[PDB]
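Shown next: data.cif, containing mmCIF, C-alpha atoms and all ligand atoms.
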data_query
loop_
_atom_site.label_atom_id
_atom_site.label_comp_id
_atom_site.auth_asym_id
_atom_site.auth_seq_id
_atom_site.Cartn_x
_atom_site.Cartn_y
_atom_site.Cartn_z
CA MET A 1 -209.10 1.28 -50.06
CA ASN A 2 -212.84 0.71 -50.57
CA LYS A 3 -215.29 -0.53 -47.92
CA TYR A 4 -218.40 -2.73 -48.06
CA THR A 5 -221.43 -1.55 -46.12
CA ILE A 6 -223.85 -3.90 -44.32
CA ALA A 7 -226.70 -2.29 -42.40
CA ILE A 8 -228.04 -4.38 -39.52
CA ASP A 9 -231.06 -3.40 -37.29
CA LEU A 10 -230.88 -5.42 -34.10
CA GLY A 11 -234.19 -6.15 -32.42
CA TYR A 12 -235.44 -8.15 -29.46
CA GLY A 13 -238.09 -9.42 -31.86
CA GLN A 14 -236.63 -9.62 -35.39
CA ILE A 15 -233.09 -9.15 -36.75
CA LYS A 16 -233.22 -7.11 -39.95
CA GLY A 17 -230.34 -6.72 -42.34
CA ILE A 18 -229.34 -5.34 -45.71
CA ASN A 19 -226.01 -4.75 -47.42
CA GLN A 20 -225.18 -2.12 -50.06
CA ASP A 21 -226.25 -4.51 -52.86
CA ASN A 22 -229.89 -4.24 -51.60
CA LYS A 23 -229.98 -7.83 -50.39
CA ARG A 24 -232.12 -8.00 -47.29
CA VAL A 25 -232.61 -10.69 -44.66
CA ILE A 26 -235.00 -10.82 -41.73
CA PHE A 27 -235.52 -13.56 -39.14
CA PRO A 28 -236.79 -13.95 -35.55
CA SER A 29 -234.48 -12.96 -32.69
CA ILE A 30 -234.47 -16.47 -31.17
CA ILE A 31 -231.56 -18.91 -31.02
CA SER A 32 -231.29 -22.56 -30.01
CA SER A 33 -228.56 -25.15 -29.52
CA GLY A 34 -227.83 -26.81 -32.86
CA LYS A 35 -227.57 -30.43 -33.87
CA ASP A 36 -226.77 -32.67 -36.81
CA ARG A 37 -229.88 -32.15 -38.96
CA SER A 38 -229.59 -35.43 -40.98
CA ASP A 46 -234.99 -24.14 -53.63
CA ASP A 47 -235.35 -24.18 -49.83
CA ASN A 48 -234.49 -20.74 -48.43
CA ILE A 49 -231.45 -20.52 -46.24
CA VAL A 50 -233.08 -18.04 -43.86
CA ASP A 51 -235.49 -20.77 -42.63
CA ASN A 52 -232.69 -23.27 -42.07
CA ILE A 53 -229.97 -21.40 -40.17
CA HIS A 54 -227.88 -24.23 -38.73
CA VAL A 55 -224.66 -22.52 -37.80
CA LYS A 56 -221.42 -22.80 -35.79
CA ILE A 57 -219.22 -20.04 -34.37
CA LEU A 58 -215.45 -20.35 -33.86
CA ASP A 59 -213.60 -17.98 -31.55
CA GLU A 60 -210.16 -17.31 -30.04
CA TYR A 61 -210.67 -20.21 -27.58
CA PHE A 62 -211.25 -22.62 -30.51
CA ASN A 63 -214.80 -23.10 -29.27
CA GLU A 64 -217.21 -24.20 -31.94
CA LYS A 65 -220.62 -23.38 -30.46
CA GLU A 66 -223.51 -24.87 -32.42
CA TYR A 67 -226.75 -23.02 -32.89
CA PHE A 68 -230.02 -22.93 -34.68
CA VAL A 69 -231.29 -19.41 -35.16
CA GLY A 70 -234.37 -17.87 -36.71
CA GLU A 71 -237.34 -19.83 -37.93
CA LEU A 72 -235.35 -23.04 -37.36
CA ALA A 73 -234.76 -22.27 -33.67
CA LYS A 74 -238.39 -21.09 -33.35
CA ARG A 75 -239.52 -24.66 -34.23
CA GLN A 76 -237.61 -26.24 -31.30
CA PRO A 77 -238.60 -27.21 -27.72
CA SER A 78 -235.62 -25.45 -26.19
CA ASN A 79 -235.55 -21.76 -27.06
CA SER A 80 -233.93 -18.46 -26.55
CA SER A 81 -236.65 -16.78 -24.55
CA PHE A 82 -238.92 -14.31 -26.32
CA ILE A 83 -240.80 -12.81 -23.39
CA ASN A 84 -238.19 -13.67 -20.74
CA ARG A 85 -234.99 -12.50 -22.46
CA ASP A 86 -233.17 -10.18 -20.05
CA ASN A 87 -232.35 -6.87 -21.72
CA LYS A 88 -228.59 -6.84 -22.36
CA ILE A 89 -226.79 -5.14 -25.20
CA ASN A 90 -223.89 -7.61 -25.55
CA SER A 91 -224.94 -11.17 -24.79
CA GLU A 92 -224.44 -14.59 -26.28
CA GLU A 93 -227.64 -14.31 -28.30
CA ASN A 94 -227.03 -10.82 -29.67
CA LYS A 95 -223.60 -12.07 -30.74
CA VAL A 96 -225.01 -15.12 -32.56
CA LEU A 97 -227.83 -13.01 -34.02
CA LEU A 98 -225.45 -10.27 -35.07
CA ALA A 99 -223.00 -12.75 -36.61
CA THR A 100 -225.81 -14.66 -38.35
CA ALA A 101 -227.12 -11.46 -39.94
CA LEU A 102 -223.58 -10.53 -41.03
CA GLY A 103 -222.83 -14.08 -42.27
CA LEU A 104 -225.88 -13.94 -44.51
CA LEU A 105 -225.14 -10.46 -45.94
CA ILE A 106 -221.37 -10.93 -46.61
CA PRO A 107 -220.64 -11.70 -50.30
CA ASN A 108 -218.37 -14.52 -51.47
CA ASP A 109 -215.75 -12.59 -53.52
CA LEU A 110 -214.71 -9.53 -51.51
CA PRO A 111 -211.29 -8.19 -52.69
CA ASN A 112 -208.16 -7.91 -50.58
CA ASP A 113 -208.76 -4.15 -50.22
CA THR A 114 -212.51 -4.21 -49.44
CA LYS A 115 -213.43 -4.59 -45.75
CA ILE A 116 -216.83 -4.87 -44.06
CA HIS A 117 -218.36 -1.69 -42.61
CA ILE A 118 -221.31 -2.35 -40.26
CA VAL A 119 -223.96 0.30 -39.62
CA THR A 120 -226.17 -0.43 -36.61
CA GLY A 121 -227.57 1.38 -33.61
CA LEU A 122 -229.70 1.56 -30.48
CA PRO A 123 -233.16 3.00 -29.73
CA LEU A 124 -233.25 6.81 -29.40
CA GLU A 125 -232.75 7.31 -25.63
CA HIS A 126 -230.91 3.95 -25.24
CA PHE A 127 -228.09 5.28 -27.44
CA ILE A 128 -226.26 7.42 -24.85
CA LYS A 129 -226.44 4.63 -22.32
CA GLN A 130 -225.26 1.83 -24.61
CA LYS A 131 -223.26 3.34 -27.49
CA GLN A 132 -219.94 2.23 -26.01
CA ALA A 133 -221.03 -1.26 -24.96
CA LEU A 134 -222.25 -1.86 -28.53
CA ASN A 135 -219.09 -0.35 -30.00
CA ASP A 136 -217.23 -2.63 -27.53
CA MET A 137 -218.93 -5.86 -28.68
CA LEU A 138 -218.26 -4.90 -32.31
CA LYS A 139 -214.58 -4.13 -31.61
CA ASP A 140 -214.18 -7.59 -30.05
CA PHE A 141 -215.72 -9.53 -32.98
CA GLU A 142 -213.14 -12.21 -33.90
CA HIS A 143 -215.30 -15.13 -35.03
CA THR A 144 -215.67 -17.44 -38.04
CA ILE A 145 -219.37 -18.05 -38.69
CA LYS A 146 -220.01 -21.46 -40.34
CA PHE A 147 -223.21 -22.38 -42.13
CA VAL A 148 -222.96 -26.16 -41.73
CA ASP A 149 -225.82 -27.20 -44.04
CA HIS A 150 -224.87 -24.66 -46.75
CA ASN A 151 -221.20 -25.38 -47.29
CA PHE A 152 -219.97 -21.81 -46.65
CA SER A 153 -218.39 -19.79 -43.84
CA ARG A 154 -217.52 -16.15 -43.16
CA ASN A 155 -215.10 -14.30 -40.88
CA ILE A 156 -216.38 -11.35 -38.90
CA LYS A 157 -213.67 -9.00 -37.74
CA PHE A 158 -214.21 -5.31 -37.22
CA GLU A 159 -211.69 -2.59 -37.81
CA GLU A 160 -212.21 0.18 -35.27
CA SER A 161 -214.20 2.95 -36.96
CA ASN A 162 -214.82 0.58 -39.75
CA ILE A 163 -218.12 0.60 -37.80
CA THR A 164 -220.66 3.38 -37.25
CA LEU A 165 -223.53 3.68 -34.77
CA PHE A 166 -226.63 5.83 -35.34
CA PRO A 167 -229.53 6.29 -32.93
CA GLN A 168 -232.79 5.04 -34.42
CA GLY A 169 -235.14 7.66 -35.84
CA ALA A 170 -233.21 10.06 -38.07
CA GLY A 171 -232.34 7.41 -40.68
CA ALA A 172 -235.87 6.10 -41.12
CA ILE A 173 -237.17 9.66 -41.49
CA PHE A 174 -234.50 11.21 -43.73
CA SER A 175 -234.65 8.30 -46.15
CA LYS A 176 -235.34 8.79 -49.88
CA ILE A 177 -236.67 5.29 -50.70
CA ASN A 178 -239.31 4.90 -47.98
CA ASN A 179 -240.15 8.66 -48.02
CA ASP A 180 -240.76 11.51 -50.45
CA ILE A 181 -238.46 14.05 -48.80
CA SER A 182 -239.63 16.63 -51.33
CA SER A 183 -243.08 16.57 -49.65
CA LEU A 184 -241.69 16.48 -46.08
CA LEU A 185 -239.62 19.71 -46.38
CA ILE A 186 -242.20 22.31 -45.41
CA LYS A 187 -241.27 25.42 -43.45
CA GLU A 188 -242.09 25.66 -39.74
CA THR A 189 -243.70 22.22 -39.45
CA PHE A 190 -242.91 19.04 -37.58
CA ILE A 191 -242.57 15.46 -38.77
CA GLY A 192 -243.07 12.55 -36.36
CA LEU A 193 -241.97 8.92 -36.39
CA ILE A 194 -243.63 6.23 -34.28
CA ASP A 195 -241.41 3.09 -34.54
CA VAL A 196 -243.37 0.43 -32.62
CA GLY A 197 -240.91 -2.37 -31.89
CA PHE A 198 -240.86 -5.44 -29.75
CA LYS A 199 -239.61 -4.29 -26.30
CA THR A 200 -239.47 -0.50 -26.82
CA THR A 201 -241.34 2.11 -28.90
CA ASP A 202 -239.56 5.15 -30.38
CA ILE A 203 -241.30 8.50 -30.79
CA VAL A 204 -239.04 10.91 -32.65
CA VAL A 205 -239.91 14.25 -34.17
CA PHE A 206 -237.94 16.73 -36.26
CA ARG A 207 -238.72 20.44 -36.65
CA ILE A 208 -238.25 21.79 -40.16
CA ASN A 209 -236.37 25.10 -40.33
CA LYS A 210 -237.48 27.97 -42.53
CA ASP A 211 -234.57 27.05 -44.84
CA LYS A 212 -235.90 23.47 -45.20
CA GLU A 213 -233.26 22.08 -42.82
CA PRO A 214 -234.49 19.52 -40.24
CA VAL A 215 -233.72 19.79 -36.52
CA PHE A 216 -234.16 17.15 -33.85
CA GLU A 217 -236.59 18.05 -31.06
CA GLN A 218 -235.38 16.03 -28.07
CA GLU A 219 -238.28 17.43 -26.04
CA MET A 220 -241.01 16.01 -28.30
CA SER A 221 -239.27 12.65 -28.53
CA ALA A 222 -238.84 9.69 -26.20
CA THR A 223 -238.11 5.98 -26.19
CA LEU A 224 -240.97 4.24 -24.42
CA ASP A 225 -239.47 1.42 -22.38
CA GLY A 226 -242.69 -0.26 -21.18
CA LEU A 227 -244.74 -0.16 -24.41
CA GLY A 228 -244.05 -2.44 -27.37
CA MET A 229 -245.48 -5.54 -28.99
CA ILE A 230 -244.18 -7.59 -26.09
CA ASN A 231 -247.15 -6.32 -24.03
CA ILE A 232 -249.51 -8.20 -26.38
CA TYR A 233 -247.42 -11.38 -26.10
CA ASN A 234 -247.64 -11.33 -22.28
CA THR A 235 -251.37 -10.49 -22.21
CA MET A 236 -252.01 -13.38 -24.61
CA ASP A 237 -249.74 -15.74 -22.65
CA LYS A 238 -251.80 -15.02 -19.56
CA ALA A 239 -255.03 -15.16 -21.53
CA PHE A 240 -254.02 -18.64 -22.74
CA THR A 241 -253.22 -20.26 -19.40
CA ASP A 242 -256.22 -18.46 -17.86
CA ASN A 243 -258.59 -19.72 -20.55
CA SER A 244 -256.95 -23.15 -20.47
CA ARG A 245 -257.49 -23.56 -16.71
CA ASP A 246 -255.12 -26.49 -17.13
CA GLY A 247 -251.94 -24.82 -15.96
CA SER A 248 -250.58 -25.27 -19.47
CA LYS A 249 -248.28 -22.83 -21.30
CA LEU A 250 -247.42 -22.39 -24.93
CA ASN A 251 -243.96 -22.62 -26.35
CA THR A 252 -242.63 -19.71 -28.40
CA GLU A 253 -243.74 -21.10 -31.79
CA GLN A 254 -247.28 -21.42 -30.39
CA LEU A 255 -247.37 -18.10 -28.50
CA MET A 256 -246.15 -16.23 -31.60
CA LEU A 257 -248.86 -17.92 -33.69
CA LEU A 258 -251.39 -17.05 -30.97
CA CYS A 259 -250.45 -13.36 -31.43
CA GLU A 260 -250.74 -13.35 -35.21
CA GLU A 261 -254.51 -14.07 -35.34
CA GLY A 262 -255.55 -15.20 -31.86
CA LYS A 263 -256.21 -18.79 -32.99
CA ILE A 264 -254.29 -21.86 -31.85
CA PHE A 265 -255.15 -25.56 -32.00
CA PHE A 266 -254.12 -26.99 -28.62
CA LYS A 267 -254.80 -30.53 -27.41
CA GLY A 268 -257.88 -31.08 -29.56
CA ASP A 269 -259.35 -27.70 -28.59
CA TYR A 270 -259.89 -24.71 -30.87
CA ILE A 271 -258.55 -21.88 -28.71
CA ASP A 272 -260.03 -18.57 -29.94
CA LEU A 273 -258.61 -15.56 -28.10
CA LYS A 274 -259.12 -13.07 -30.93
CA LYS A 275 -261.31 -11.02 -28.63
CA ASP A 276 -258.42 -10.55 -26.18
CA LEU A 277 -255.93 -9.99 -28.99
CA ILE A 278 -257.99 -7.10 -30.32
CA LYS A 279 -258.27 -5.66 -26.84
CA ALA A 280 -254.51 -6.01 -26.26
CA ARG A 281 -253.78 -4.17 -29.50
CA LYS A 282 -256.23 -1.36 -28.77
CA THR A 283 -254.76 -1.13 -25.26
CA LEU A 284 -251.15 -0.99 -26.47
CA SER A 285 -252.16 1.46 -29.20
CA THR A 286 -254.03 3.72 -26.81
CA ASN A 287 -250.96 4.08 -24.61
CA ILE A 288 -248.63 4.86 -27.51
CA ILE A 289 -251.08 7.52 -28.78
CA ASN A 290 -251.33 9.01 -25.30
CA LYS A 291 -247.53 9.20 -24.95
CA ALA A 292 -247.23 10.85 -28.37
CA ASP A 293 -249.98 13.36 -27.50
CA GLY A 294 -248.21 13.84 -24.16
CA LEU A 295 -245.04 14.98 -25.89
CA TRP A 296 -246.75 16.99 -28.66
CA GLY A 297 -249.02 19.55 -27.05
CA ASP A 298 -250.78 22.05 -29.28
CA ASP A 299 -247.78 21.55 -31.60
CA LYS A 300 -249.65 18.50 -32.90
CA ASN A 301 -251.53 20.83 -35.24
CA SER A 302 -248.17 21.96 -36.67
CA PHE A 303 -247.27 18.56 -38.17
CA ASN A 304 -247.22 17.80 -41.90
CA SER A 305 -246.80 14.06 -41.50
CA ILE A 306 -246.80 11.48 -38.71
CA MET A 307 -245.44 8.23 -40.11
CA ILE A 308 -245.55 5.09 -38.04
CA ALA A 309 -243.20 2.15 -38.65
CA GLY A 310 -241.68 -1.09 -37.35
CA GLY A 311 -243.23 -4.52 -37.10
CA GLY A 312 -245.60 -3.23 -34.43
CA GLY A 313 -246.50 -0.19 -36.52
CA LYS A 314 -247.41 -2.54 -39.34
CA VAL A 315 -249.86 -4.59 -37.24
CA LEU A 316 -251.26 -1.63 -35.24
CA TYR A 317 -251.51 0.95 -38.05
CA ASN A 318 -255.34 0.96 -38.09
CA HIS A 319 -255.40 1.87 -34.39
CA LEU A 320 -252.34 4.10 -34.39
CA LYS A 321 -253.78 6.14 -37.24
CA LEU A 322 -256.46 7.50 -34.92
CA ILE A 323 -253.91 9.93 -33.42
CA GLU A 324 -254.43 12.10 -36.52
CA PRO A 325 -256.23 10.11 -39.21
CA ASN A 326 -256.05 12.36 -42.30
CA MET A 327 -252.32 13.16 -41.74
CA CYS A 328 -250.57 9.91 -40.66
CA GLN A 329 -249.04 7.24 -42.90
CA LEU A 330 -247.29 3.87 -42.80
CA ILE A 331 -243.71 3.85 -44.18
CA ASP A 332 -243.22 1.74 -47.31
CA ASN A 333 -241.20 -1.07 -45.65
CA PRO A 334 -241.89 -0.70 -41.92
CA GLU A 335 -239.49 -3.27 -40.54
CA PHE A 336 -236.53 -2.37 -42.77
CA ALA A 337 -237.14 1.34 -42.24
CA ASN A 338 -234.30 1.93 -39.81
CA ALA A 339 -232.01 -0.55 -41.58
CA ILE A 340 -232.39 1.31 -44.89
CA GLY A 341 -231.70 4.56 -43.05
CA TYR A 342 -228.61 2.86 -41.69
CA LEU A 343 -227.57 1.98 -45.28
CA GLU A 344 -228.05 5.47 -46.67
CA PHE A 345 -226.20 6.95 -43.71
CA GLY A 346 -223.27 4.53 -43.82
CA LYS A 347 -222.89 4.59 -47.61
CA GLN A 348 -222.56 8.41 -47.73
CA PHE A 349 -219.73 8.07 -45.21
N1 LIG B 1 -247.46 -10.67 -39.70
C1 LIG B 1 -247.39 -10.32 -38.39
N2 LIG B 1 -248.43 -10.53 -37.53
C2 LIG B 1 -248.39 -10.20 -36.23
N3 LIG B 1 -247.31 -9.64 -35.65
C3 LIG B 1 -246.20 -9.38 -36.39
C4 LIG B 1 -246.16 -9.70 -37.82
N4 LIG B 1 -244.95 -9.33 -38.28
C5 LIG B 1 -244.26 -8.81 -37.22
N5 LIG B 1 -245.01 -8.84 -36.10
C6 LIG B 1 -244.65 -8.36 -34.75
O1 LIG B 1 -243.68 -7.31 -34.86
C7 LIG B 1 -242.52 -7.66 -34.12
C8 LIG B 1 -241.31 -7.20 -34.93
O2 LIG B 1 -240.93 -5.88 -34.52
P1 LIG B 1 -239.60 -5.20 -35.08
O3 LIG B 1 -239.96 -4.22 -36.18
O4 LIG B 1 -238.57 -6.27 -35.33
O5 LIG B 1 -239.15 -4.33 -33.80
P2 LIG B 1 -237.77 -4.58 -33.02
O6 LIG B 1 -236.81 -3.80 -33.90
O7 LIG B 1 -238.01 -3.94 -31.67
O8 LIG B 1 -237.51 -6.06 -32.98
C9 LIG B 1 -242.57 -9.17 -33.92
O9 LIG B 1 -242.04 -9.58 -32.65
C10 LIG B 1 -244.04 -9.51 -33.99
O10 LIG B 1 -244.66 -9.52 -32.69
MG MG B 2 -236.94 -1.66 -34.09
MG MG B 3 -237.64 7.25 -21.53
#
Output the file's structure as structure tokens, nothing else.
Amino acid sequence: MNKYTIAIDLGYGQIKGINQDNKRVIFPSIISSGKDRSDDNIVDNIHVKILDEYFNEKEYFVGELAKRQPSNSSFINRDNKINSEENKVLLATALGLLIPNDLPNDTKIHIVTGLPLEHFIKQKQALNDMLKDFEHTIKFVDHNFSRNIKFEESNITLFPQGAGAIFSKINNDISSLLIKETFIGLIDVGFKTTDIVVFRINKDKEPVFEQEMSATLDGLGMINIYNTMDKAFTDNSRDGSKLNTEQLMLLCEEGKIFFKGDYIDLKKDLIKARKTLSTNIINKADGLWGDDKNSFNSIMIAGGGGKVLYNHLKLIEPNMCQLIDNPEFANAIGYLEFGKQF
């Protein structure tokens, strides 16, 4: 009785996913009501329908396709909720893309997912509850295929973020991380939260979680830069005009947007927002690691935020800190290695 393993990292910014055949998908965590659209990649054209027990077919665009719409799942103003309509569509769209076409009668889907470090205790059951209740057919209308998502209880496993990304053997060299009596830190800078997780290495090269030197920062993530640039845009505009989410996201890539025949350059505020977010995250990490900061052998930052802020984040200890090889799929790969050896 085999089982197929799909690792899915759920974010308030980007859904990341990878099954045990090393097929990865990633797309923005925005959905949108769908419509008859009337070597293109499927990930940029997610027109989809979801069938349930009520025989509701709910129609959605999700990902890049939904990003390019007037109506949107909020990005800034998406209330934090672990089981919602949008996390169900986003979870079922990531599954739908990572489920093969010829699974045997014996092979069933095993999902590995989780919560941020300190969010785990609070929301392990609510996430295990939404997964238990999955009873949906996900239909990719423009791509002639559909999948059924049903979860066998404890055909699913939940892991707090942090351990998996660290322990990994594809994005790390765990031979060089196993040093006696030293620490190893992770700084996963995400969209709404930021995880700081450290592990003490035993004298027998066994790693131990240090809850004390670890937190989940609830007010610091890349969303701070989005809001500061949203206010910088209306403020600079002095028109009372606001961007939509496709524009605001572009305005936070480089700080340039072409709006109503005006070249809006806010790169000066974007740089300041990134230094200001990065300062806080370095301060919190220093706050948790006192003089024990000298006892580290690596401090690896990761996530989408870690990728864009690495040059600021590195200042926390420049000759010792590094960027993990695939920052955004760093927890999702940890979720694969942990689920597969299970
Ligand atoms: N090329 C890029 N330029 C600027 N920002 C980026 C880029 N790629 C990703 N990001 C930022 O990183 C975020 C993705 O973070 P992610 O690793 O998904 O964390 P979470 O798991 O909390 O969603 C996006 O919302 C975006 O703001
Ligand atoms: Mg994340
Ligand atoms: Mg906290």
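Checking A:19, A:251, A:183, A:329 one by one against residue 118 of chain A, counting all atoms listed in the file, you find the shortest gap at A:19.
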### Task
Kindly give the distance, in Å, that separates atom CA of residue 73 of chain A and atom CA of residue 101 of chain A, rounded to a single decimal.
14.6 Å
### Task
Please write out the residues within 7 Å of ligand MG 2 (chain B) as number ranges by chain, counting all atoms listed in the file.
A: 9, 11, 195-198, 310
Per residue of chain A within 7 Å of ligand MG 3 (chain B), note the shortest atom pair and the distance in Å to one decimal, counting only C-alpha atoms and all ligand atoms, and order the rows by chain and increasing residue number, as a Markdown table.
| residue | atom | partner | partner_atom | distance |
| --- | --- | --- | --- | --- |
| A:125 | CA | B:MG3 | MG | 6.4 |
| A:222 | CA | B:MG3 | MG | 5.4 |
| A:223 | CA | B:MG3 | MG | 4.9 |
| A:224 | CA | B:MG3 | MG | 5.3 |
| A:225 | CA | B:MG3 | MG | 6.2 |
### Cut-off 8 Å, all atoms listed in the file, neighbours of ligand LIG 1 (chain B) as a ChimeraX atom specification
/A:9-16,28-29,195-201,228-230,233,256,259-261,309-315,334-336
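Relative to atom CA of residue 169 of chain A, atom CA of residue 347 of chain A is found at 17.3 Å.
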### Message
Taking 3 positions as the minimum chain separation for residues in the same chain, which residues sit within 12 Å of residue 254 of chain A when counting all atoms listed in the file? Answer as a PyMOL selection string.
### Response
chain A and resi 74-77+82+233+236-237+240+249-251+257-266+271
Using C-alpha atoms, can you export the residues from the last selection as a PDB file, in the frame of the given file?
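Wrote it out as result_20.pdb, contents follow:
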ATOM      1  CA  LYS A  74    -238.390 -21.090 -33.350  1.00  0.00           C
ATOM      2  CA  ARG A  75    -239.520 -24.660 -34.230  1.00  0.00           C
ATOM      3  CA  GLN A  76    -237.610 -26.240 -31.300  1.00  0.00           C
ATOM      4  CA  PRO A  77    -238.600 -27.210 -27.720  1.00  0.00           C
ATOM      5  CA  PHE A  82    -238.920 -14.310 -26.320  1.00  0.00           C
ATOM      6  CA  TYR A 233    -247.420 -11.380 -26.100  1.00  0.00           C
ATOM      7  CA  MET A 236    -252.010 -13.380 -24.610  1.00  0.00           C
ATOM      8  CA  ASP A 237    -249.740 -15.740 -22.650  1.00  0.00           C
ATOM      9  CA  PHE A 240    -254.020 -18.640 -22.740  1.00  0.00           C
ATOM     10  CA  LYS A 249    -248.280 -22.830 -21.300  1.00  0.00           C
ATOM     11  CA  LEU A 250    -247.420 -22.390 -24.930  1.00  0.00           C
ATOM     12  CA  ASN A 251    -243.960 -22.620 -26.350  1.00  0.00           C
ATOM     13  CA  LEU A 257    -248.860 -17.920 -33.690  1.00  0.00           C
ATOM     14  CA  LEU A 258    -251.390 -17.050 -30.970  1.00  0.00           C
ATOM     15  CA  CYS A 259    -250.450 -13.360 -31.430  1.00  0.00           C
ATOM     16  CA  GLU A 260    -250.740 -13.350 -35.210  1.00  0.00           C
ATOM     17  CA  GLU A 261    -254.510 -14.070 -35.340  1.00  0.00           C
ATOM     18  CA  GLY A 262    -255.550 -15.200 -31.860  1.00  0.00           C
ATOM     19  CA  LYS A 263    -256.210 -18.790 -32.990  1.00  0.00           C
ATOM     20  CA  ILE A 264    -254.290 -21.860 -31.850  1.00  0.00           C
ATOM     21  CA  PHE A 265    -255.150 -25.560 -32.000  1.00  0.00           C
ATOM     22  CA  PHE A 266    -254.120 -26.990 -28.620  1.00  0.00           C
ATOM     23  CA  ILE A 271    -258.550 -21.880 -28.710  1.00  0.00           C
TER      24      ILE A 271
END
### Two-atom distance - atom CA of residue 160 of chain A, atom CA of residue 97 of chain A (Å)
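Those two atoms sit 20.5 Å apart.
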### Task
Might you pull out every residue within 9 Å of segment 53-55 of chain A, with all atoms listed in the file counted and same-chain residues fewer than 4 positions away left off, and present them as a PyMOL selection string?
chain A and resi 34-37+49+65-73+100+145-150
#### Entry: Nearest-residue call for residue 319 of chain A, choices A:285, A:338, A:108, A:235, using all atoms listed in the file
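Checking each of A:285, A:338, A:108, A:235 against residue 319 of chain A, counting all atoms listed in the file, the winner is A:285.
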### Message
Ranking A:308, A:99, A:239, A:30 by minimum distance to residue 58 of chain A and counting all atoms listed in the file, which one comes first?
### Response
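Of A:308, A:99, A:239, A:30, the one nearest residue 58 of chain A, counting all atoms listed in the file, is A:99.
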### Query
If we count all atoms listed in the file, what is near residue 325 of chain A at a cut-off of 12 Å, once residues fewer than 6 positions away on the same chain are taken out, given as JSON, numbers by chain?
{"A": [289, 305, 306, 307, 308, 317, 318, 319]}
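Across A:80, A:121, A:348, A:172, the tightest approach to residue 204 of chain A is made by A:172 when counting all atoms listed in the file.
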#### Entry: Residues near residue 212 of chain A, cut-off 8 Å, all atoms listed in the file, skip fewer than 4 positions along chain, as a PyMOL selection string
chain A and resi 185-187+208
Output for the residues just chosen: C-alpha atoms as a CSV table (one decimal), keeping the file's coordinate frame:
chain,number,residue,atom,x,y,z
A,185,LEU,CA,-239.6,19.7,-46.4
A,186,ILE,CA,-242.2,22.3,-45.4
A,187,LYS,CA,-241.3,25.4,-43.4
A,208,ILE,CA,-238.2,21.8,-40.2
### Message
Considering only C-alpha atoms, can you say which of A:32, A:5, A:151, A:333 comes closest to residue 107 of chain A?
### Response
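Nearest candidate to residue 107 of chain A out of A:32, A:5, A:151, A:333: A:5.
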### Message
My list of candidates is A:299, A:304, A:278, A:339. Which is closest to residue 326 of chain A when distances are computed with all atoms listed in the file?
### Response
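Between A:299, A:304, A:278, A:339, the residue approaching residue 326 of chain A most closely is A:304.
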Around the point (-241.5, 15.7, -35.9) in the file's coordinates, collect all residues with an atom within 10 Å, using all atoms listed in the file, and return them as a short mmCIF file (atom, residue, chain, number, x, y, z; two decimals) with C-alpha atoms, in the frame of the given file.
data_model
loop_
_atom_site.label_atom_id
_atom_site.label_comp_id
_atom_site.auth_asym_id
_atom_site.auth_seq_id
_atom_site.Cartn_x
_atom_site.Cartn_y
_atom_site.Cartn_z
CA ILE A 173 -237.17 9.66 -41.49
CA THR A 189 -243.70 22.22 -39.45
CA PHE A 190 -242.91 19.04 -37.58
CA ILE A 191 -242.57 15.46 -38.77
CA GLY A 192 -243.07 12.55 -36.36
CA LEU A 193 -241.97 8.92 -36.39
CA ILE A 194 -243.63 6.23 -34.28
CA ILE A 203 -241.30 8.50 -30.79
CA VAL A 204 -239.04 10.91 -32.65
CA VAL A 205 -239.91 14.25 -34.17
CA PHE A 206 -237.94 16.73 -36.26
CA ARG A 207 -238.72 20.44 -36.65
CA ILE A 208 -238.25 21.79 -40.16
CA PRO A 214 -234.49 19.52 -40.24
CA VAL A 215 -233.72 19.79 -36.52
CA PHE A 216 -234.16 17.15 -33.85
CA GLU A 217 -236.59 18.05 -31.06
CA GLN A 218 -235.38 16.03 -28.07
CA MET A 220 -241.01 16.01 -28.30
CA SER A 221 -239.27 12.65 -28.53
CA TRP A 296 -246.75 16.99 -28.66
CA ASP A 299 -247.78 21.55 -31.60
CA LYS A 300 -249.65 18.50 -32.90
CA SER A 302 -248.17 21.96 -36.67
CA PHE A 303 -247.27 18.56 -38.17
CA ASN A 304 -247.22 17.80 -41.90
CA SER A 305 -246.80 14.06 -41.50
CA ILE A 306 -246.80 11.48 -38.71
CA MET A 307 -245.44 8.23 -40.11
#
Quick one: what's the axis-aligned box for segment 130-136 of chain A, all listed atoms, 8 Å on every side, centre and edges in Å to one decimal, as lines of an AutoDock Vina configuration file?
center_x = -221.2
center_y = 0.4
center_z = -27.3
size_x = 24.0
size_y = 22.0
size_z = 21.4
May I ask you to restore N, CA and C atoms in segment 152-156 of chain A and write the result as an mmCIF file, in the coordinates of the input?
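Printed below is selection.cif as written:
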data_model
loop_
_atom_site.group_PDB
_atom_site.id
_atom_site.type_symbol
_atom_site.label_atom_id
_atom_site.label_comp_id
_atom_site.auth_asym_id
_atom_site.auth_seq_id
_atom_site.Cartn_x
_atom_site.Cartn_y
_atom_site.Cartn_z
ATOM 1 N N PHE A 152 -220.733 -23.051 -46.581
ATOM 2 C CA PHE A 152 -219.970 -21.810 -46.650
ATOM 3 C C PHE A 152 -219.811 -21.196 -45.267
ATOM 4 N N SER A 153 -218.737 -20.418 -45.114
ATOM 5 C CA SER A 153 -218.390 -19.790 -43.840
ATOM 6 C C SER A 153 -217.908 -18.364 -44.079
ATOM 7 N N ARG A 154 -217.975 -17.529 -43.034
ATOM 8 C CA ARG A 154 -217.520 -16.150 -43.160
ATOM 9 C C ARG A 154 -216.784 -15.790 -41.890
ATOM 10 N N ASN A 155 -215.850 -14.850 -42.008
ATOM 11 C CA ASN A 155 -215.100 -14.300 -40.880
ATOM 12 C C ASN A 155 -215.576 -12.890 -40.573
ATOM 13 N N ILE A 156 -215.922 -12.649 -39.323
ATOM 14 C CA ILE A 156 -216.380 -11.350 -38.900
ATOM 15 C C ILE A 156 -215.296 -10.767 -38.032
#
